[PDB]
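Below you will find one chain, with nothing else, as C-alpha cells; this is the form deposited in one PDB entry, and questions on how it binds or moves follow later.
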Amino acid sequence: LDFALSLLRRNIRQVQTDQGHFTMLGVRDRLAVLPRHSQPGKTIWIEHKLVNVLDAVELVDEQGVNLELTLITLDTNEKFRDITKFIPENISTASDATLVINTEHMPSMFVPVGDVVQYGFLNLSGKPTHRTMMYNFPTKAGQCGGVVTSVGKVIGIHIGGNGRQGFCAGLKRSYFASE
C-alpha cells in the first residue's frame, strides 16, 4: 500500500470544476485524466489553484460510444511523475482492489472495494457507456475520479454507482500515448 501512497503523493490531486469536487489522476508530463461528467472545459481548480486547461478530449471507442473519460492537458510547468508503466495495456480486472479518493471533502482516502469484474456496457444516467468494470461496494457521490488500484497497477477511474455497486471506466495504456 506504499504504491497507493506513492500514487497519492505524486499523482492524485484534489480538484473542482463547475460540477463540484473530484479526484484527478495525473499520468505524465502535463497530461491528466478526469471522469467525463466533471466537464472541466477551459479551466480547473487544482487544490484551489485556478489553472488553464489547454485541451480536453472526451474519449470514445471506435463506435463513437462514451468511455466517460476526459483527457486534459494542463497549462503548467509542473510535470507529473510518469505512471504509464503501471497502466495495463488491456483493460484489466483485479482482486481486492483499493479505490483511492482525494478531494477537499474526502482527502487521502483508501477504500477497499473488493474484486473488480468485467461489466462492459453501462447505462449511466441514460448515457450509453462502454468498457466499464464493477465492484460490489456502495460508492457515493463525491467519489468520482477515484483511482482504482491493485497490485502495482492502475486499472480504472470511478464514474458512477447505484448506491449498492460502483463502476469505473477501464484504463488502458494506449489512451495516454504521445500522438
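Heads up: residue numbers just count along the shown sequence, starting at 1.
If you look for the form solved in complex with a partner chain, you will not find it shown, but the lines that follow are about it.
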* **Check all three, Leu5, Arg13 and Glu104, heavy atom within 4.5 Å of its partner chain in the bound PDB entry** => no
* Structure fact -> Students should find that, of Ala141, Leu54, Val57, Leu50, the residue having a non-hydrogen atom no more than 4.5 angstroms from its partner chain in the bound PDB entry is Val57
* Hey, of 111-119, 133-141, 61-69, 41-49, which bit sits against its partner chain in the bound PDB entry at 4.5 Å between non-hydrogen atoms? -> 61-69
